[PDB]
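Report on the following structure.
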Amino acid sequence: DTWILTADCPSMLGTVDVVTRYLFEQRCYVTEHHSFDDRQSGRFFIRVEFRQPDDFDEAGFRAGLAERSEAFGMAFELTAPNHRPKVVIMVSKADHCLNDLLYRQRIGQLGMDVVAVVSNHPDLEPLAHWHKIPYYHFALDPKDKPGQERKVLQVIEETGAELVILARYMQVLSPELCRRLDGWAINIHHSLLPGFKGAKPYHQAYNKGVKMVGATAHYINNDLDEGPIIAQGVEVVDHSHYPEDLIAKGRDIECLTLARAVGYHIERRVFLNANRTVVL
Amino acid sequence: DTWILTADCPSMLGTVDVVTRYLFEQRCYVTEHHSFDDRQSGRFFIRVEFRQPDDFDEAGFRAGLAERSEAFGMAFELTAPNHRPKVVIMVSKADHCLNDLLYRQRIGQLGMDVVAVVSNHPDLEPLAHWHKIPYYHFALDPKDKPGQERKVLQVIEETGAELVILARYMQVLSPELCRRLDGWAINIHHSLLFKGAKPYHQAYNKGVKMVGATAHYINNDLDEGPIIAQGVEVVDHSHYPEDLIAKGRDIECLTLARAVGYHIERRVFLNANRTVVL
Amino acid sequence: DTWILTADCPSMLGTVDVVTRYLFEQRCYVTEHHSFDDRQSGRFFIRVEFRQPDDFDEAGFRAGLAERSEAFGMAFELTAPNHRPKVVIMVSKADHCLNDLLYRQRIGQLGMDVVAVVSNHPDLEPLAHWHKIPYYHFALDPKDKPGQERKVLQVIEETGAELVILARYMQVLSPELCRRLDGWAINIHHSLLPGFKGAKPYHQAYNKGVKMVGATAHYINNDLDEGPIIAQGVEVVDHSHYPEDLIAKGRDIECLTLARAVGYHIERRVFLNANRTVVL
Amino acid sequence: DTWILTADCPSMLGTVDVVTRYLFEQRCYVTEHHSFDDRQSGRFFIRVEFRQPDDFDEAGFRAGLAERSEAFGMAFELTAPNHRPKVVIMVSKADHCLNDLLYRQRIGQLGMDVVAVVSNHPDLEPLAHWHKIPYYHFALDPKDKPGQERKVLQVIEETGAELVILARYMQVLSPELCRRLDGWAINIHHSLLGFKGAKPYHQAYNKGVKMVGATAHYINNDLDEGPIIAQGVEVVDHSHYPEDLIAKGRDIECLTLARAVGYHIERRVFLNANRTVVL
């Protein structure tokens, strides 16, 4: 039953004051309030939850906030109480992240509505259909990449998706698509043996004898699999974990790490800070 | 290099504003801000870190904050950058929590100075001395419980300690001393899944798969009152009773250490009969 | 591709020898091997996995193991490689544990087959039907408790279920049913405030200010909610968790704790040891 | 009050039988038994705890084991009930791992005796003396790397140490000394989400990592690589500046080294090709 207000701007004196004084004048009751000023990047970040007053003027509240935010170079986002982001999940053949996200959605852990599942293969259509989520198979003609991506983007625009989740979508995103999805597409990949580009990175992990397998959830930008880190995690493994078992634990940590990231994002907790994230 | 300001007051529209607007008027540069408004207890809590301005008038800041607060019924605490709380640790025969606290103090993980170890027994004297910390053995005469507690309170006062840690001190505090220490005395005890002679032996027989510990502030309710931190340690069938007791010590050490850390970092607030930890 | 062999007997010299020597003679290749001798209870426990030989005489292997076990008073259980326990899940109105178990079943985390969902209410039928699992609503007539339980027990018998999971089934089991289900029915309940019998235990935990909420999975016997502990766990909570949030964390820890217990049981890991369990 | 027997040999039908039937014939009462057959390396590993019989012939047990093992190519180690490994800790200027190891030893958590602290610098002498442990400062003459290592290796032999712990010892060991300490020297270093060169924590700060980690391993010719015993990580966030990351770095180095030393001294670690099995 609370509104969420996120704000960010160049560090200066009065950055908490300008949000806090305006919220008081507007008779908005602060239920909780978290903020961070990064002394290296020079950026200020604030998350505030509040209970609206009766006769709440949303339009005039935004406009009055836009006015005061000008002096600070401040940008803000305001999210209503019942807000459920519309999401598009992109999938290839691996169904583990898709299954986990839809399960967490269904039990009410992730307060989002998945409006489509988009794929380069037809394989996961039965899974999407069982969940009653519209499924789209846009096969790639290698000669025409922009054509495949226009169809993907068309679904994202037609459904009004405000977040795209890459749940082990294996087709490489063009640089034009990456710019188009900037700041609202979350990807997940494993983080085994940093700096090993072999086709069997889990067999390589087994042979090296690691005692952990890892994963990173990040925002998409032009750097392949890099770009802003949202969440990282590891799963304990041991000698009795053969390659298939290691692959299996990898799927677990991908699942968990992606869900955490997606949760942080939809809860309005994640901010971009130069090339990294603050999570409040 | 940063000051810490904590505020606690009844919930009202503009409780954040009173602190933040004041901080802004005083040219105190805020580096981070955490707050919580408890809708059940009707209390608002805020913890703020800030960098002082050049030529910071500390008396004028405190004075200017006390005037703004009277209108809100607000209680604040302002802690300077280099502040290290003076601490008295009370012990009986068990050394696990004292060892763990003095170790964490020595390596810089708990920013405090242990000015005294007080005990109702002589046994841990050598340990306190090896660490070069004054040790006080105030024996109990069962007739004169107020007499022993008078000596304990003298040391706490003379050393000027602002925190008392009961690191498995096994003599019951009186209602009078409990009142005196309300809000700045931290105790640790075990938490199992039992009530009698051998609690760990009863855990073993019941077949529990965890042992736990609770750190809390002291009040008149024995081993209850305001909870600061709780934790558990995984155990299995291979843990015999003595292994169980050993794990119990580990989790008492870790949980107490956490709670002491929260307290000295100015993160704990009393909220009716519980705590908020920011 | 491995057989599972579990044995237990009164403590004596040569308890590991009698199983290990017999596995050698039978040309059963041990892949891994765990044992424990409880010095307080006087009980020995062994779990062994092996690869069978070509032309594996299962009947005569059991018979010859039965023969040698006599001197030790040893009981054993032998599980074929591909074995998937048939399971009946019992439910009332809380759907969180049922959703969790069926999700974990479907993704292959729990190698079991749920052959029925049995209920004292009609509410969770749609959830069972969506998974294509037969559902049974056996309403209770307070005058005829043995009548409701005969129907439950009939379903368990007819489906050939070898494990029953009480996934927040709230109807009290009779002592007759408890004896009947002894050693193969697993229950889950919260472990909030030991020895507080009030109707709102999570509101009581809130007011008292706990920083953890807990759960216990146990085998069913005549002692209500007590009886052999298989698994216990806790979830961190804090001051910002109101009662409903705490109740929600309770569900999480009930889900995880039950699933670990059920996993231990179906992997042939759990032994009864006097009034407690050994998990190898 | 229990003996510990570890064995490893090539994988064959009857590897468990040879140890267990022997233990039985010798009236060794088995209290706990864990084994693993690695189907990729072709090696079998077993760790058994047992209670000795009255009037236990230790020479006759070891001898009779050695005879049965001949037909299996089997290596075994038998540790007496109250055995406390003699340990040498090597250190440079960083005191976090040394502090943590000496604290854990003093409180009974690591059942070992630190017989010596050896260093390439004099800085941590007071720390070792406070614990009443012999401290040795052997400065490096860069023209005589064999000269410094001869004095280090002397202390290790004279003290009779069976474990060397490199507690952030920063001098590069020679292939000769590495070869010498194979399977009984444990080293600790950091592991990141992976940053070549100057200021790895500053690089990790800029990259926005959300964990820092560490790796305890046995020492061989490959620098900061060689058989991994234990790994762990510590959660970090945006509020951790570079020097906060360094502090967390230290924490996880401490925890990870202590776990690995613990596994080693409890006879739970086995070499398995270029890896470890931890039972």
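Naming scheme: A, B, ... for chains in displayed order of the structure tokens; residues 1 onward per chain; ligands 1 onward as shown.
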Point to revise | Expected answer as a PyMOL selection string: chain C residues within 12 Å of chain D, only C-alpha atoms | key: chain C and resi 11-40+42-53+280
- Message: I need the contact residues of chain B against chain A, so if you could list those with any atom within 7 Å, counting only C-alpha atoms, and return them as number ranges by chain, that would help.
- Response: B: 13-14, 16-17, 20-21, 24, 29, 31-37
Tell me, as a PDB file with C-alpha atoms, in the first residue's frame, which residues lie within 10 Å of range 173-189 of chain B, counting only C-alpha atoms; anything in the same chain fewer than 3 positions away does not count.
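What landed in selection07.pdb:
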ATOM      1  CA  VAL B  87      33.648  -1.667  27.532  1.00  0.00           C
ATOM      2  CA  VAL B  88      33.474  -3.844  30.649  1.00  0.00           C
ATOM      3  CA  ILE B  89      33.289  -7.593  30.005  1.00  0.00           C
ATOM      4  CA  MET B  90      31.867  -9.735  32.775  1.00  0.00           C
ATOM      5  CA  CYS B  97      33.081 -15.530  24.513  1.00  0.00           C
ATOM      6  CA  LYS B 145      24.150  -9.670  46.861  1.00  0.00           C
ATOM      7  CA  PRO B 146      23.898  -5.829  46.939  1.00  0.00           C
ATOM      8  CA  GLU B 149      26.935  -5.564  42.792  1.00  0.00           C
ATOM      9  CA  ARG B 150      28.077  -2.286  44.377  1.00  0.00           C
ATOM     10  CA  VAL B 152      30.823  -4.190  40.011  1.00  0.00           C
ATOM     11  CA  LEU B 153      28.980  -0.911  39.452  1.00  0.00           C
ATOM     12  CA  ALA B 161      32.411   2.263  30.412  1.00  0.00           C
ATOM     13  CA  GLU B 162      29.427   2.863  28.095  1.00  0.00           C
ATOM     14  CA  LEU B 163      28.786  -0.838  27.364  1.00  0.00           C
ATOM     15  CA  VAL B 164      28.718  -3.911  29.628  1.00  0.00           C
ATOM     16  CA  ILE B 165      29.052  -7.324  27.973  1.00  0.00           C
ATOM     17  CA  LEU B 166      27.921 -10.411  29.880  1.00  0.00           C
ATOM     18  CA  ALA B 167      30.153 -13.044  28.264  1.00  0.00           C
ATOM     19  CA  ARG B 168      28.600 -16.032  30.045  1.00  0.00           C
ATOM     20  CA  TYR B 169      28.500 -14.291  33.419  1.00  0.00           C
ATOM     21  CA  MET B 170      26.457 -16.794  35.460  1.00  0.00           C
ATOM     22  CA  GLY B 212      21.296 -21.703  18.461  1.00  0.00           C
ATOM     23  CA  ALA B 213      22.157 -18.586  20.422  1.00  0.00           C
ATOM     24  CA  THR B 214      20.462 -15.302  21.298  1.00  0.00           C
ATOM     25  CA  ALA B 215      22.175 -12.037  22.205  1.00  0.00           C
ATOM     26  CA  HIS B 216      19.929  -9.491  23.937  1.00  0.00           C
ATOM     27  CA  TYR B 217      19.807  -6.412  26.136  1.00  0.00           C
ATOM     28  CA  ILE B 218      19.340  -6.964  29.876  1.00  0.00           C
ATOM     29  CA  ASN B 219      16.054  -6.277  31.697  1.00  0.00           C
ATOM     30  CA  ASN B 220      14.173  -7.895  34.656  1.00  0.00           C
ATOM     31  CA  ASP B 221      13.036 -10.941  32.625  1.00  0.00           C
ATOM     32  CA  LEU B 222      15.826 -13.523  32.987  1.00  0.00           C
ATOM     33  CA  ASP B 223      17.354 -14.309  29.530  1.00  0.00           C
ATOM     34  CA  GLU B 224      14.517 -12.507  27.710  1.00  0.00           C
ATOM     35  CA  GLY B 225      14.023  -8.821  27.095  1.00  0.00           C
ATOM     36  CA  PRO B 226      15.230  -7.019  24.024  1.00  0.00           C
ATOM     37  CA  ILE B 227      16.559  -9.337  21.295  1.00  0.00           C
ATOM     38  CA  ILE B 228      19.460  -7.974  19.219  1.00  0.00           C
ATOM     39  CA  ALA B 229      20.733 -11.004  17.265  1.00  0.00           C
ATOM     40  CA  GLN B 230      20.003 -14.697  16.831  1.00  0.00           C
ATOM     41  CA  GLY B 248      26.937 -24.135  21.206  1.00  0.00           C
ATOM     42  CA  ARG B 249      30.042 -22.172  22.208  1.00  0.00           C
ATOM     43  CA  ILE B 251      27.349 -19.894  17.943  1.00  0.00           C
ATOM     44  CA  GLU B 252      27.303 -17.970  21.224  1.00  0.00           C
ATOM     45  CA  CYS B 253      30.649 -16.457  20.173  1.00  0.00           C
ATOM     46  CA  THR B 255      26.037 -14.173  17.742  1.00  0.00           C
ATOM     47  CA  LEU B 256      27.347 -12.096  20.654  1.00  0.00           C
ATOM     48  CA  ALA B 257      30.123 -10.712  18.429  1.00  0.00           C
ATOM     49  CA  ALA B 259      25.297  -7.972  18.412  1.00  0.00           C
ATOM     50  CA  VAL B 260      28.234  -6.161  20.028  1.00  0.00           C
ATOM     51  CA  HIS B 263      25.706  -1.789  19.184  1.00  0.00           C
ATOM     52  CA  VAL B 268      20.592  -0.794  17.315  1.00  0.00           C
ATOM     53  CA  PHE B 269      17.511   0.988  18.655  1.00  0.00           C
ATOM     54  CA  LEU B 270      15.119   0.008  21.408  1.00  0.00           C
TER      55      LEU B 270
END
List as a tab-separated table every residue of chain D that is in contact with chain B, defined as an atom at most 8 Å from one of its atoms (using only C-alpha atoms), together with the nearest atom pair and the distance in Å rounded to one decimal, sorted by chain and then rising number.
residue	atom	partner	partner_atom	distance
D:96	CA	B:107	CA	7.7
D:99	CA	B:107	CA	7.9
D:103	CA	B:103	CA	7.4
D:107	CA	B:96	CA	7.8
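Near chain A, within 9 Å and using only C-alpha atoms, the residues of chain C are residues 96, 99, 100, 103, 107 and 130 of chain C.
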What's around range 201-204 of chain A at 8 Å? Count only C-alpha atoms, leave out sequence neighbours fewer than 3 positions away in its own chain, and write the answer as an mmCIF file with N, CA, C and O atoms, in the first residue's frame.
data_model
loop_
_atom_site.group_PDB
_atom_site.id
_atom_site.type_symbol
_atom_site.label_atom_id
_atom_site.label_comp_id
_atom_site.auth_asym_id
_atom_site.auth_seq_id
_atom_site.Cartn_x
_atom_site.Cartn_y
_atom_site.Cartn_z
ATOM 1 N N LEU A 192 32.271 -19.566 -14.235
ATOM 2 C CA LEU A 192 33.385 -20.516 -14.083
ATOM 3 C C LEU A 192 34.665 -20.007 -14.727
ATOM 4 O O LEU A 192 34.627 -19.326 -15.757
ATOM 5 N N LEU A 193 35.792 -20.373 -14.125
ATOM 6 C CA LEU A 193 37.111 -20.193 -14.721
ATOM 7 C C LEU A 193 37.215 -18.906 -15.524
ATOM 8 O O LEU A 193 37.337 -18.953 -16.746
ATOM 9 N N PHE A 196 38.574 -18.410 -19.543
ATOM 10 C CA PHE A 196 38.689 -19.669 -20.277
ATOM 11 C C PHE A 196 37.550 -19.768 -21.284
ATOM 12 O O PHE A 196 36.399 -19.932 -20.890
ATOM 13 N N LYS A 197 37.871 -19.697 -22.579
ATOM 14 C CA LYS A 197 36.842 -19.625 -23.626
ATOM 15 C C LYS A 197 36.523 -20.968 -24.301
ATOM 16 O O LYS A 197 36.030 -20.986 -25.426
ATOM 17 N N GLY A 198 36.772 -22.081 -23.612
ATOM 18 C CA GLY A 198 36.519 -23.410 -24.180
ATOM 19 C C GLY A 198 35.047 -23.794 -24.199
ATOM 20 O O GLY A 198 34.250 -23.255 -23.430
ATOM 21 N N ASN A 207 38.156 -30.712 -13.987
ATOM 22 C CA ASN A 207 39.569 -31.128 -14.097
ATOM 23 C C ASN A 207 40.500 -30.282 -13.253
ATOM 24 O O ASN A 207 41.542 -30.759 -12.809
ATOM 25 N N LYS A 208 40.115 -29.027 -13.053
ATOM 26 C CA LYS A 208 40.878 -28.086 -12.246
ATOM 27 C C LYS A 208 40.570 -28.262 -10.748
ATOM 28 O O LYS A 208 41.344 -27.827 -9.889
ATOM 29 N N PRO A 243 31.076 -33.840 -14.051
ATOM 30 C CA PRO A 243 30.713 -32.751 -14.959
ATOM 31 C C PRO A 243 29.223 -32.477 -15.069
ATOM 32 O O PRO A 243 28.812 -31.332 -14.924
ATOM 33 N N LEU A 246 28.151 -30.874 -11.985
ATOM 34 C CA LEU A 246 28.627 -29.498 -11.983
ATOM 35 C C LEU A 246 27.767 -28.632 -12.885
ATOM 36 O O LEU A 246 27.342 -27.547 -12.459
ATOM 37 N N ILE A 247 27.503 -29.096 -14.118
ATOM 38 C CA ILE A 247 26.544 -28.400 -14.974
ATOM 39 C C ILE A 247 25.235 -28.206 -14.198
ATOM 40 O O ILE A 247 24.701 -27.109 -14.166
#
> Taking the backbone alone, and naming residues the way the document does, which bits of range 6-226 of chain D are helix (DSSP H, G or I) by DSSP, as number ranges by chain?
Replying inline: D: 15-25, 58-70, 96-106, 125-130, 145-158, 175-180, 200-207
